[PDB]
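A.B. asks: Hey, dropping final.cif in here, mmCIF, C-alpha atoms and all ligand atoms:
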```cif
data_work
loop_
_atom_site.label_atom_id
_atom_site.label_comp_id
_atom_site.auth_asym_id
_atom_site.auth_seq_id
_atom_site.Cartn_x
_atom_site.Cartn_y
_atom_site.Cartn_z
CA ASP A 88 104.60 83.82 106.61
CA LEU A 89 104.06 87.40 107.77
CA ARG A 90 102.48 87.66 111.25
CA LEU A 91 99.56 89.93 112.18
CA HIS A 92 99.89 92.82 114.65
CA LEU A 93 96.83 94.89 115.51
CA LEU A 94 97.58 98.55 116.12
CA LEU A 95 98.35 99.40 119.74
CA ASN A 96 96.49 102.69 119.21
CA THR A 97 92.97 101.30 118.91
CA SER A 98 91.57 104.73 117.91
CA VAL A 99 93.05 104.18 114.42
CA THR A 100 90.39 101.90 113.00
CA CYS A 101 88.97 100.11 110.00
CA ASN A 102 85.60 101.24 108.59
CA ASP A 103 83.53 99.52 111.32
CA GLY A 104 85.65 100.68 114.28
CA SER A 105 87.69 97.50 114.71
CA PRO A 106 91.47 98.05 115.01
CA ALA A 107 93.58 98.33 111.88
CA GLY A 108 96.90 96.49 111.68
CA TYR A 109 99.82 95.09 109.67
CA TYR A 110 101.51 91.77 108.86
CA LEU A 111 105.27 91.64 109.54
CA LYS A 112 108.24 89.38 108.79
CA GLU A 113 111.54 90.77 110.05
CA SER A 114 114.96 90.19 108.45
CA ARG A 115 117.44 91.42 111.04
CA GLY A 116 120.38 91.25 108.63
CA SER A 117 118.78 93.88 106.37
CA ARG A 118 118.32 97.64 106.56
CA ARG A 119 115.68 97.64 103.79
CA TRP A 120 111.97 97.88 104.65
CA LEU A 121 109.07 97.23 102.24
CA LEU A 122 105.58 98.44 103.26
CA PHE A 123 102.93 97.18 100.82
CA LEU A 124 99.45 98.77 100.51
CA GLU A 125 96.67 96.36 99.51
CA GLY A 126 94.08 97.47 96.93
CA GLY A 127 90.39 96.81 96.31
CA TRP A 128 88.22 99.67 94.88
CA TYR A 129 86.37 101.90 97.44
CA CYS A 130 82.89 103.02 98.53
CA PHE A 131 81.56 106.57 98.49
CA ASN A 132 78.18 106.86 100.27
CA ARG A 133 76.14 105.16 102.98
CA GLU A 134 74.23 102.85 100.63
CA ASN A 135 77.12 101.43 98.66
CA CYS A 136 79.35 101.19 101.75
CA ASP A 137 76.53 99.15 103.35
CA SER A 138 76.61 96.83 100.32
CA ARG A 139 80.40 96.44 100.61
CA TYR A 140 80.01 95.56 104.30
CA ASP A 141 77.74 92.64 103.34
CA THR A 142 80.00 90.91 100.80
CA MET A 143 83.53 92.42 101.12
CA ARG A 144 83.73 92.71 104.90
CA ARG A 145 87.44 91.87 105.24
CA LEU A 146 88.05 95.17 103.35
CA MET A 147 86.05 97.01 106.06
CA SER A 148 86.87 95.16 109.33
CA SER A 149 89.69 93.26 111.08
CA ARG A 150 87.37 90.96 113.05
CA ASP A 151 87.88 87.98 110.68
CA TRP A 152 91.54 88.50 109.66
CA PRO A 153 93.85 85.46 109.82
CA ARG A 154 96.89 85.51 112.06
CA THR A 155 99.31 84.93 109.14
CA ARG A 156 99.73 85.70 105.43
CA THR A 157 102.11 84.18 102.88
CA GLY A 158 104.47 86.67 101.24
CA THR A 159 104.31 86.45 97.43
CA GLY A 160 106.05 88.24 94.57
CA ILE A 161 107.98 91.25 95.86
CA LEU A 162 106.96 90.16 99.39
CA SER A 163 108.57 86.71 98.99
CA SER A 164 111.76 85.91 100.92
CA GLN A 165 112.93 83.36 98.31
CA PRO A 166 115.55 84.65 95.83
CA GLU A 167 114.09 82.51 93.03
CA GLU A 168 110.68 84.20 93.43
CA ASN A 169 112.00 87.69 94.34
CA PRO A 170 115.34 88.56 92.70
CA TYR A 171 114.96 92.21 93.78
CA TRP A 172 114.49 92.45 97.56
CA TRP A 173 114.27 88.87 98.93
CA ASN A 174 116.25 89.69 102.10
CA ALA A 175 114.21 92.76 103.12
CA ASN A 176 111.95 93.32 106.11
CA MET A 177 108.44 92.62 104.74
CA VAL A 178 105.21 94.42 105.72
CA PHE A 179 101.71 93.91 104.26
CA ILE A 180 99.17 96.55 105.30
CA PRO A 181 95.55 95.38 104.79
CA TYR A 182 93.13 97.81 103.13
CA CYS A 183 90.17 98.22 105.50
CA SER A 184 89.30 101.92 105.00
CA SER A 185 87.61 101.92 101.54
CA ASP A 186 89.01 105.42 100.82
CA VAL A 187 91.94 104.87 98.39
CA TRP A 188 94.15 105.42 101.50
CA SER A 189 93.17 109.13 101.71
CA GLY A 190 90.82 109.40 104.69
CA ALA A 191 91.19 111.10 108.05
CA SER A 192 87.72 110.82 109.63
CA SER A 193 86.59 108.87 112.71
CA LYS A 194 83.32 107.08 113.32
CA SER A 195 81.01 109.25 115.43
CA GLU A 196 77.37 110.04 116.08
CA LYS A 197 77.52 111.85 112.70
CA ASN A 198 79.44 109.15 110.75
CA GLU A 199 78.37 105.51 110.42
CA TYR A 200 81.86 104.52 109.21
CA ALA A 201 85.46 105.59 109.87
CA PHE A 202 87.69 106.47 106.89
CA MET A 203 91.25 106.55 108.27
CA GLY A 204 93.53 105.27 105.48
CA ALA A 205 95.99 108.18 105.65
CA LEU A 206 96.22 107.85 109.46
CA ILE A 207 96.60 104.04 109.37
CA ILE A 208 99.78 104.39 107.26
CA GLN A 209 101.25 106.94 109.68
CA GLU A 210 100.43 104.80 112.73
CA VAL A 211 101.96 101.69 111.15
CA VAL A 212 105.17 103.64 110.49
CA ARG A 213 105.22 104.93 114.07
CA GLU A 214 104.81 101.50 115.66
CA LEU A 215 107.39 99.89 113.33
CA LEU A 216 110.10 102.34 114.46
CA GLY A 217 110.12 100.51 117.81
CA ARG A 218 110.49 97.14 116.05
CA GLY A 219 113.60 98.00 114.01
CA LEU A 220 112.55 100.54 111.36
CA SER A 221 114.64 103.11 113.27
CA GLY A 222 117.78 101.50 111.86
CA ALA A 223 116.57 101.45 108.25
CA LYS A 224 118.47 102.84 105.27
CA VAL A 225 115.55 102.69 102.76
CA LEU A 226 111.77 102.59 103.27
CA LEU A 227 109.97 101.56 100.05
CA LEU A 228 106.23 102.32 100.19
CA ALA A 229 104.66 100.06 97.55
CA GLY A 230 101.07 99.17 96.60
CA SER A 231 98.77 97.79 93.89
CA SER A 232 95.54 99.17 92.33
CA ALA A 233 93.88 101.42 94.97
CA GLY A 234 97.07 100.80 96.95
CA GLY A 235 99.13 102.07 94.03
CA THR A 236 97.19 105.35 94.03
CA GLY A 237 97.65 105.34 97.81
CA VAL A 238 101.45 105.37 97.35
CA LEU A 239 101.16 108.55 95.24
CA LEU A 240 98.94 110.22 97.85
CA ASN A 241 101.04 109.28 100.91
CA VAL A 242 104.77 108.80 100.05
CA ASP A 243 105.70 112.45 100.73
CA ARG A 244 103.68 112.42 103.97
CA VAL A 245 105.70 109.44 105.21
CA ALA A 246 108.92 111.26 104.29
CA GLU A 247 107.81 114.35 106.23
CA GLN A 248 106.72 112.17 109.18
CA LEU A 249 110.17 110.58 109.50
CA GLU A 250 111.99 113.91 109.14
CA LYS A 251 109.95 115.51 111.93
CA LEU A 252 110.33 112.50 114.24
CA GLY A 253 114.11 112.87 113.91
CA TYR A 254 115.09 110.19 111.36
CA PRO A 255 116.48 112.27 108.45
CA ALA A 256 118.73 109.41 107.26
CA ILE A 257 115.96 107.00 106.22
CA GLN A 258 115.41 107.37 102.45
CA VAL A 259 111.69 107.12 101.63
CA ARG A 260 110.74 106.01 98.08
CA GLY A 261 107.55 104.83 96.36
CA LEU A 262 106.49 102.02 94.01
CA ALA A 263 103.00 102.50 92.47
CA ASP A 264 101.61 99.44 90.64
CA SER A 265 98.41 99.70 88.53
CA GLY A 266 97.33 102.96 90.17
CA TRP A 267 97.98 105.35 87.23
CA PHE A 268 94.57 106.06 85.64
CA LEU A 269 93.31 108.43 82.94
CA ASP A 270 90.18 110.58 83.35
CA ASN A 271 89.31 109.99 79.71
CA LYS A 272 86.11 109.84 77.70
CA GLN A 273 84.34 106.49 77.93
CA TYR A 274 83.85 104.23 74.91
CA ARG A 275 80.15 104.01 75.85
CA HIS A 276 78.38 106.32 78.28
CA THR A 288 85.23 111.02 88.32
CA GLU A 289 82.07 112.12 90.10
CA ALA A 290 82.38 109.16 92.50
CA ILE A 291 85.87 110.29 93.55
CA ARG A 292 84.59 113.84 94.07
CA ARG A 293 81.75 112.58 96.27
CA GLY A 294 84.10 110.19 98.08
CA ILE A 295 86.58 112.89 99.09
CA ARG A 296 83.83 114.82 100.87
CA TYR A 297 82.43 111.62 102.43
CA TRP A 298 85.86 110.50 103.69
CA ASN A 299 87.35 113.87 104.63
CA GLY A 300 90.02 112.83 102.16
CA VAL A 301 93.48 114.41 102.10
CA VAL A 302 95.79 114.90 99.10
CA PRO A 303 99.43 116.03 98.96
CA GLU A 304 99.85 119.69 99.84
CA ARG A 305 101.61 120.91 96.69
CA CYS A 306 98.96 119.26 94.49
CA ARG A 307 96.17 120.70 96.66
CA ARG A 308 97.61 124.20 96.24
CA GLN A 309 97.66 123.85 92.43
CA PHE A 310 94.06 122.74 91.95
CA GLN A 311 92.58 124.47 95.05
CA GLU A 312 89.36 123.80 96.94
CA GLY A 313 86.61 121.87 95.22
CA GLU A 314 89.11 120.34 92.77
CA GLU A 315 91.18 117.99 94.96
CA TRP A 316 89.83 114.99 92.98
CA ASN A 317 92.43 115.91 90.33
CA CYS A 318 95.21 114.68 92.67
CA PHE A 319 93.89 111.09 92.49
CA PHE A 320 95.11 110.89 88.86
CA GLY A 321 98.77 109.94 88.57
CA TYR A 322 99.77 112.19 85.68
CA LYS A 323 98.51 115.22 87.65
CA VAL A 324 99.83 114.42 91.16
CA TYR A 325 103.21 112.83 90.20
CA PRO A 326 104.88 116.12 89.04
CA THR A 327 104.22 117.59 92.51
CA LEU A 328 106.02 114.82 94.45
CA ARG A 329 109.53 115.12 95.92
CA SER A 330 110.25 111.48 96.86
CA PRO A 331 111.54 109.12 94.12
CA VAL A 332 108.62 107.11 92.69
CA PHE A 333 108.79 104.12 90.29
CA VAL A 334 105.58 103.69 88.25
CA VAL A 335 104.39 100.26 87.02
CA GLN A 336 101.36 100.41 84.69
CA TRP A 337 99.97 98.07 82.04
CA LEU A 338 99.19 100.12 78.93
CA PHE A 339 95.79 98.40 78.62
CA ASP A 340 94.84 98.11 82.29
CA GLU A 341 91.70 96.01 82.85
CA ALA A 342 90.33 98.32 85.53
CA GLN A 343 90.80 101.31 83.21
CA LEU A 344 88.93 99.48 80.44
CA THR A 345 86.14 98.46 82.84
CA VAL A 346 85.40 102.06 83.84
CA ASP A 347 85.64 103.01 80.14
CA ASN A 348 82.89 100.41 79.37
CA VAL A 349 85.10 98.28 77.11
CA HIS A 350 84.56 94.50 77.14
CA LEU A 351 86.69 92.19 74.99
CA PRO A 355 85.28 90.76 66.76
CA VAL A 356 86.68 94.27 67.21
CA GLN A 357 85.45 96.84 64.69
CA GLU A 358 87.06 100.13 63.67
CA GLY A 359 85.57 102.36 66.38
CA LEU A 360 86.77 100.17 69.24
CA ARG A 361 90.13 99.50 67.55
CA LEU A 362 90.80 103.24 67.33
CA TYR A 363 89.61 103.73 70.93
CA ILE A 364 91.95 101.04 72.29
CA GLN A 365 94.92 102.27 70.23
CA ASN A 366 94.33 105.85 71.40
CA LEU A 367 94.16 104.74 75.06
CA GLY A 368 97.60 103.13 74.78
CA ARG A 369 99.05 106.18 73.03
CA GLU A 370 97.68 108.48 75.74
CA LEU A 371 99.03 106.34 78.60
CA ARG A 372 102.46 106.13 76.93
CA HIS A 373 102.41 109.92 76.50
CA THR A 374 101.77 110.51 80.21
CA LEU A 375 104.83 108.38 81.09
CA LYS A 376 107.20 110.20 78.72
CA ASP A 377 108.76 112.32 81.48
CA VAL A 378 108.65 109.64 84.22
CA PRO A 379 112.27 108.43 84.40
CA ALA A 380 111.56 105.32 86.54
CA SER A 381 108.72 103.35 84.94
CA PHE A 382 107.74 99.93 83.53
CA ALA A 383 104.76 99.89 81.15
CA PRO A 384 104.15 96.82 78.96
CA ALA A 385 101.58 96.56 76.17
CA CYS A 386 99.33 93.97 77.86
CA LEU A 387 95.73 93.56 78.97
CA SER A 388 96.10 92.83 82.72
CA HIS A 389 95.78 94.35 86.21
CA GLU A 390 98.34 94.35 89.10
CA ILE A 391 101.70 92.55 89.10
CA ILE A 392 104.09 93.12 91.97
CA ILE A 393 102.77 90.54 94.48
CA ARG A 394 101.96 87.89 91.85
CA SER A 395 104.25 84.85 92.09
CA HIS A 396 105.15 84.98 88.37
CA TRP A 397 105.93 88.71 88.35
CA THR A 398 109.45 87.79 87.15
CA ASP A 399 108.13 86.67 83.74
CA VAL A 400 107.23 89.89 81.91
CA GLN A 401 109.88 91.90 80.05
CA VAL A 402 110.07 95.22 78.20
CA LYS A 403 112.84 95.56 75.61
CA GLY A 404 114.47 92.46 77.15
CA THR A 405 114.48 93.71 80.78
CA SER A 406 112.34 92.19 83.54
CA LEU A 407 110.62 94.20 86.28
CA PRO A 408 112.90 92.87 89.09
CA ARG A 409 115.93 93.93 87.02
CA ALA A 410 114.44 97.38 86.36
CA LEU A 411 113.84 97.89 90.09
CA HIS A 412 117.45 96.83 90.83
CA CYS A 413 118.70 99.37 88.24
CA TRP A 414 116.56 102.02 89.98
CA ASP A 415 118.33 101.21 93.27
CA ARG A 416 121.70 101.65 91.53
CA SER A 417 120.61 104.98 90.01
CA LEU A 418 119.76 106.33 93.49
CA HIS A 419 123.26 105.78 94.86
CA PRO A 428 122.39 106.51 82.75
CA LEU A 429 123.65 102.99 83.49
CA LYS A 430 125.18 100.78 80.79
CA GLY A 431 122.90 97.78 80.29
CA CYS A 432 120.74 98.65 83.35
CA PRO A 433 117.70 100.68 82.22
CA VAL A 434 115.11 102.30 84.47
CA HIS A 435 112.64 103.76 81.89
CA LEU A 436 110.91 100.89 80.04
CA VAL A 437 107.72 101.69 78.06
CA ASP A 438 106.43 99.56 75.15
CA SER A 439 105.94 101.31 71.80
CA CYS A 440 103.81 98.69 70.08
CA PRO A 441 100.13 99.65 69.88
CA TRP A 442 97.93 96.58 70.64
CA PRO A 443 97.48 94.31 73.70
CA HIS A 444 99.85 91.30 73.61
CA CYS A 445 102.10 92.82 70.96
CA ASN A 446 104.68 92.10 73.68
CA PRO A 447 105.21 88.31 73.61
CA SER A 448 105.98 88.14 77.36
CA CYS A 449 102.51 89.36 78.41
CA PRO A 450 100.78 87.02 80.87
CA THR A 451 98.21 84.60 79.51
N1 LIG B 501 88.35 107.45 83.82
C1 LIG B 501 88.22 107.02 85.20
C2 LIG B 501 89.10 106.10 85.74
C3 LIG B 501 88.95 105.70 87.07
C4 LIG B 501 87.92 106.24 87.82
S1 LIG B 501 87.70 105.77 89.55
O1 LIG B 501 86.35 106.07 90.04
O2 LIG B 501 87.81 104.33 89.79
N2 LIG B 501 88.84 106.72 90.40
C5 LIG B 501 90.14 106.25 90.82
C6 LIG B 501 91.21 107.14 90.76
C7 LIG B 501 92.44 106.69 91.18
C8 LIG B 501 92.57 105.39 91.65
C9 LIG B 501 91.45 104.58 91.68
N3 LIG B 501 90.28 105.02 91.28
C10 LIG B 501 87.06 107.17 87.28
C11 LIG B 501 87.20 107.56 85.96
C1 LIG B 502 96.18 107.50 118.51
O1 LIG B 502 95.88 107.94 117.21
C2 LIG B 502 95.04 109.10 117.19
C3 LIG B 502 94.75 109.37 115.73
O2 LIG B 502 95.93 109.60 114.98
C4 LIG B 502 95.74 110.27 117.88
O3 LIG B 502 94.82 111.35 118.00
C5 LIG B 502 96.22 109.87 119.28
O4 LIG B 502 97.08 110.87 119.79
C6 LIG B 502 96.99 108.56 119.23
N1 LIG B 502 97.34 108.13 120.58
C7 LIG B 502 98.60 108.11 121.04
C8 LIG B 502 98.77 107.65 122.45
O5 LIG B 502 99.55 108.44 120.34
#
```
Rewrite the coordinates I just gave you, this time as structure tokens.
Ligand SMILES: Nc1ccc(S(=O)(=O)Nc2ccccn2)cc1
Ligand SMILES: *[C@@H]1O[C@H](CO)[C@@H](O)[C@H](O)[C@H]1NC(C)=O

C.D. replies:
Amino acid sequence: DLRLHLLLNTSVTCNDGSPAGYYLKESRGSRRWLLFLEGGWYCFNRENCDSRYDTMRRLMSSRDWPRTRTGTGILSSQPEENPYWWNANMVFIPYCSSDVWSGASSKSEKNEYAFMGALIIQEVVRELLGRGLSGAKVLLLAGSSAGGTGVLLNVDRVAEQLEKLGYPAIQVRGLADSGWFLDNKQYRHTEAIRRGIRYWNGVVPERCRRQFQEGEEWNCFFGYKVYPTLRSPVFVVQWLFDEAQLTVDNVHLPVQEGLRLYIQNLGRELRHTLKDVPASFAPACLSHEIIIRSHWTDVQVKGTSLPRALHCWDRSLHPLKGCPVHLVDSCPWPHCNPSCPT
């Protein structure tokens, strides 16, 4: 069980102005800290944010949050469930800003909602330093789906935050799960992200912003474009046939030639974008998210599980014989890997 703490700085808020927060389980024999960013789509104007407030309110407000959460997958403290980091300090950061973790805008007489995802992450880091993060050796910022994209947008900001606060010895790294999307042509017929950034006052990493320049910051929400601009080490986990990617592409699974070619090309394109990503795990499965699922230990690429790959990554940041870090399936159809989940 991780225990809830609402932010002491109550001006850093969820969408509706309630305080943001984090769930924490300390492990005082460990200098490793895992901060996990929850996912869950987004909203990009008054009308669809109003709809989200009616039926997804826990993603917009802390007023109904429970006082505890069970840690699962990479957040589990049991070695059998989490071979990688079972003895780490565990933090789960709820997603209540609806902005892919990019926003820096307060509620006001001009704004019905607050979009403060980027500031929530910084305030969580600040308050954790007084609860033991100051003695850390590694801070791993992880996240799934919208939280995986949030890792890409914020990992270098966390690294700069700790440097300027006077903690240059804490090594900041990122783990982005199911947040690596392609801005491809649909099977049947990015503007929402463009509108969202203006609505949220969204922020992107500075080097990426300077490449694409004003009006074009939406480009930095796509992993293959923002990743080359990042300085912190980042491990990328992405199913080659991600279900959220197929949903936005208007694909719903008797497959005929046109759809067969479309699906095969999508996998080839995703594999291509990961060619120069040295720390990555990309199986040929139809699925979405993995790292906080209890059976995340089950899938393998070329005989290597994801917990092993992450361990090999740790060793590489001190090629390794028998301990690979770049694991991308070459077979071209969903479930051509026998270890895919059912
Ligand atoms: N082809 C394509 C894929 C995803 C999207 S998105 O609106 O959901 N934008 C994003 C971007 C990064 C993370 C999550 N959503 C739009 C178009
Ligand atoms: C609380 O957070 C806000 C937003 O980041 C900031 O302006 C303010 O200085 C913070 N308060 C304190 C006491 O640090």

A.B. asks: Write out as number ranges by chain the residues lying within 12 Å of residue 407 (chain A), counting all atoms listed in the file and excluding same-chain residues fewer than 3 positions away.

C.D. replies: A: 160-161, 169-171, 262, 264, 333-336, 380-384, 391-393, 396-404, 410-414, 432-437, 448

A.B. asks: Using only C-alpha atoms and all ligand atoms, find the one residue out of A:209, A:327, A:311, A:241 that sits nearest to ligand LIG 502 (chain B).

C.D. replies: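 That would be A:209, the residue with the smallest distance to ligand LIG 502 (chain B).
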
A.B. asks: May I ask you to write as a ChimeraX atom specification all residues lying at most 12 Å from ligand LIG 502 (chain B), with only C-alpha atoms and all ligand atoms counted?

C.D. replies: /A:94-100,106-107,190-194,201-214

A.B. asks: Check the smallest atom-to-atom distance from each of A:329, A:323, A:272, A:369 to ligand LIG 501 (chain B) using all atoms listed in the file, then report the winner.

C.D. replies: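 Checking each candidate against ligand LIG 501 (chain B), we get A:272 as the closest.
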
A.B. asks: In the coordinate frame of the file, compute which residues have an atom within 9 Å of (103.2, 88.2, 109.7) when using only C-alpha atoms, and state them as a list in words.

C.D. replies: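 Checked against the point, the hits come out as residues 88, 89, 90, 91, 92, 109, 110, 111, 112, 113, 154, 155, 156, 157, 158, 177, 178 and 179 of chain A.
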
A.B. asks: Determine, using all atoms listed in the file, which residues of chain A have any atom at most 6 Å from an atom of ligand LIG 501 (chain B), and tabulate each with its shortest atom pair and distance in Å to one decimal place, rows ordered by chain and then rising number, as a Markdown table.

C.D. replies:
```
| residue | atom | partner | partner_atom | distance |
| --- | --- | --- | --- | --- |
| A:233 | CA | B:LIG501 | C9 | 5.2 |
| A:236 | CA | B:LIG501 | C8 | 5.2 |
| A:266 | CA | B:LIG501 | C8 | 5.5 |
| A:268 | CA | B:LIG501 | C2 | 5.5 |
| A:269 | CA | B:LIG501 | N1 | 5.1 |
| A:270 | CA | B:LIG501 | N1 | 3.7 |
| A:271 | CA | B:LIG501 | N1 | 4.9 |
| A:288 | CA | B:LIG501 | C10 | 4.4 |
| A:290 | CA | B:LIG501 | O1 | 5.6 |
| A:291 | CA | B:LIG501 | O1 | 5.5 |
| A:319 | CA | B:LIG501 | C7 | 4.8 |
| A:320 | CA | B:LIG501 | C7 | 5.5 |
| A:343 | CA | B:LIG501 | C2 | 5.7 |
| A:346 | CA | B:LIG501 | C2 | 5.8 |
```

A.B. asks: Quick one: residues within 12 Å of region 293-301 of chain A, all atoms listed in the file counted, chain neighbours fewer than 4 positions away excluded, as a CSV table (one decimal) with C-alpha atoms, keeping the file's coordinate frame?

C.D. replies:
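The result, stored in out26.csv:
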```
chain,number,residue,atom,x,y,z
A,102,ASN,CA,85.6,101.2,108.6
A,128,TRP,CA,88.2,99.7,94.9
A,129,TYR,CA,86.4,101.9,97.4
A,130,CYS,CA,82.9,103.0,98.5
A,131,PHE,CA,81.6,106.6,98.5
A,132,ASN,CA,78.2,106.9,100.3
A,133,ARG,CA,76.1,105.2,103.0
A,135,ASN,CA,77.1,101.4,98.7
A,136,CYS,CA,79.4,101.2,101.8
A,184,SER,CA,89.3,101.9,105.0
A,185,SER,CA,87.6,101.9,101.5
A,186,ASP,CA,89.0,105.4,100.8
A,187,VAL,CA,91.9,104.9,98.4
A,188,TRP,CA,94.2,105.4,101.5
A,189,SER,CA,93.2,109.1,101.7
A,190,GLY,CA,90.8,109.4,104.7
A,191,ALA,CA,91.2,111.1,108.0
A,192,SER,CA,87.7,110.8,109.6
A,193,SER,CA,86.6,108.9,112.7
A,194,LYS,CA,83.3,107.1,113.3
A,197,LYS,CA,77.5,111.8,112.7
A,198,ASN,CA,79.4,109.2,110.8
A,199,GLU,CA,78.4,105.5,110.4
A,200,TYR,CA,81.9,104.5,109.2
A,201,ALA,CA,85.5,105.6,109.9
A,202,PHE,CA,87.7,106.5,106.9
A,203,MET,CA,91.2,106.6,108.3
A,204,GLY,CA,93.5,105.3,105.5
A,205,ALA,CA,96.0,108.2,105.6
A,206,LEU,CA,96.2,107.8,109.5
A,237,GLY,CA,97.6,105.3,97.8
A,239,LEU,CA,101.2,108.6,95.2
A,240,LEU,CA,98.9,110.2,97.8
A,241,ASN,CA,101.0,109.3,100.9
A,244,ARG,CA,103.7,112.4,104.0
A,288,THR,CA,85.2,111.0,88.3
A,289,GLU,CA,82.1,112.1,90.1
A,305,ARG,CA,101.6,120.9,96.7
A,306,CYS,CA,99.0,119.3,94.5
A,307,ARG,CA,96.2,120.7,96.7
A,312,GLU,CA,89.4,123.8,96.9
A,313,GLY,CA,86.6,121.9,95.2
A,314,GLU,CA,89.1,120.3,92.8
A,315,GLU,CA,91.2,118.0,95.0
A,316,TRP,CA,89.8,115.0,93.0
A,317,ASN,CA,92.4,115.9,90.3
A,318,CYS,CA,95.2,114.7,92.7
A,319,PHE,CA,93.9,111.1,92.5
```

A.B. asks: Which distance in Å separates CA of residue 245 (chain A) and CA of residue 226 (chain A), to one decimal?

C.D. replies: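 That distance, rounded to one decimal, is 9.4 Å.
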
A.B. asks: Keeping N, CA, C and O atoms, write region 374-385 of chain A of the structure just shown out as a PDB file, in the first residue's frame.

C.D. replies:
```pdb
ATOM      1  N   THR A 374      11.332   3.863 -36.361  1.00  0.00           N
ATOM      2  CA  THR A 374      11.590   4.993 -35.471  1.00  0.00           C
ATOM      3  C   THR A 374      12.403   4.598 -34.246  1.00  0.00           C
ATOM      4  O   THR A 374      12.983   5.478 -33.604  1.00  0.00           O
ATOM      5  N   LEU A 375      12.446   3.309 -33.898  1.00  0.00           N
ATOM      6  CA  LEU A 375      13.203   2.843 -32.741  1.00  0.00           C
ATOM      7  C   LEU A 375      14.602   2.357 -33.104  1.00  0.00           C
ATOM      8  O   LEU A 375      15.327   1.888 -32.220  1.00  0.00           O
ATOM      9  N   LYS A 376      15.000   2.478 -34.375  1.00  0.00           N
ATOM     10  CA  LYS A 376      16.269   1.906 -34.819  1.00  0.00           C
ATOM     11  C   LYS A 376      17.456   2.513 -34.081  1.00  0.00           C
ATOM     12  O   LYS A 376      18.408   1.800 -33.737  1.00  0.00           O
ATOM     13  N   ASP A 377      17.424   3.818 -33.820  1.00  0.00           N
ATOM     14  CA  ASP A 377      18.522   4.491 -33.134  1.00  0.00           C
ATOM     15  C   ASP A 377      18.176   4.834 -31.685  1.00  0.00           C
ATOM     16  O   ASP A 377      18.682   5.816 -31.140  1.00  0.00           O
ATOM     17  N   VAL A 378      17.309   4.044 -31.057  1.00  0.00           N
ATOM     18  CA  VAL A 378      17.004   4.185 -29.632  1.00  0.00           C
ATOM     19  C   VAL A 378      17.659   3.026 -28.886  1.00  0.00           C
ATOM     20  O   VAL A 378      17.110   1.919 -28.870  1.00  0.00           O
ATOM     21  N   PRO A 379      18.817   3.232 -28.248  1.00  0.00           N
ATOM     22  CA  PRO A 379      19.591   2.083 -27.743  1.00  0.00           C
ATOM     23  C   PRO A 379      18.958   1.361 -26.564  1.00  0.00           C
ATOM     24  O   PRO A 379      19.309   0.200 -26.327  1.00  0.00           O
ATOM     25  N   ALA A 380      18.068   1.999 -25.803  1.00  0.00           N
ATOM     26  CA  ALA A 380      17.375   1.334 -24.699  1.00  0.00           C
ATOM     27  C   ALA A 380      15.889   1.282 -25.049  1.00  0.00           C
ATOM     28  O   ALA A 380      15.187   2.291 -24.924  1.00  0.00           O
ATOM     29  N   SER A 381      15.405   0.115 -25.480  1.00  0.00           N
ATOM     30  CA  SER A 381      14.016   0.017 -25.917  1.00  0.00           C
ATOM     31  C   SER A 381      13.553  -1.437 -25.881  1.00  0.00           C
ATOM     32  O   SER A 381      14.358  -2.370 -25.926  1.00  0.00           O
ATOM     33  N   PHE A 382      12.229  -1.611 -25.777  1.00  0.00           N
ATOM     34  CA  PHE A 382      11.587  -2.925 -25.677  1.00  0.00           C
ATOM     35  C   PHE A 382      10.272  -2.822 -26.441  1.00  0.00           C
ATOM     36  O   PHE A 382       9.361  -2.115 -26.000  1.00  0.00           O
ATOM     37  N   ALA A 383      10.175  -3.488 -27.593  1.00  0.00           N
ATOM     38  CA  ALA A 383       9.069  -3.255 -28.528  1.00  0.00           C
ATOM     39  C   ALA A 383       8.578  -4.558 -29.148  1.00  0.00           C
ATOM     40  O   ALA A 383       9.017  -4.955 -30.240  1.00  0.00           O
ATOM     41  N   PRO A 384       7.647  -5.244 -28.485  1.00  0.00           N
ATOM     42  CA  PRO A 384       7.158  -6.535 -28.977  1.00  0.00           C
ATOM     43  C   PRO A 384       6.035  -6.396 -29.994  1.00  0.00           C
ATOM     44  O   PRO A 384       5.267  -5.431 -29.989  1.00  0.00           O
ATOM     45  N   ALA A 385       5.907  -7.422 -30.835  1.00  0.00           N
ATOM     46  CA  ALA A 385       4.922  -7.412 -31.920  1.00  0.00           C
ATOM     47  C   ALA A 385       3.583  -7.964 -31.414  1.00  0.00           C
ATOM     48  O   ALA A 385       3.173  -9.084 -31.725  1.00  0.00           O
TER      49      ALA A 385
END
```
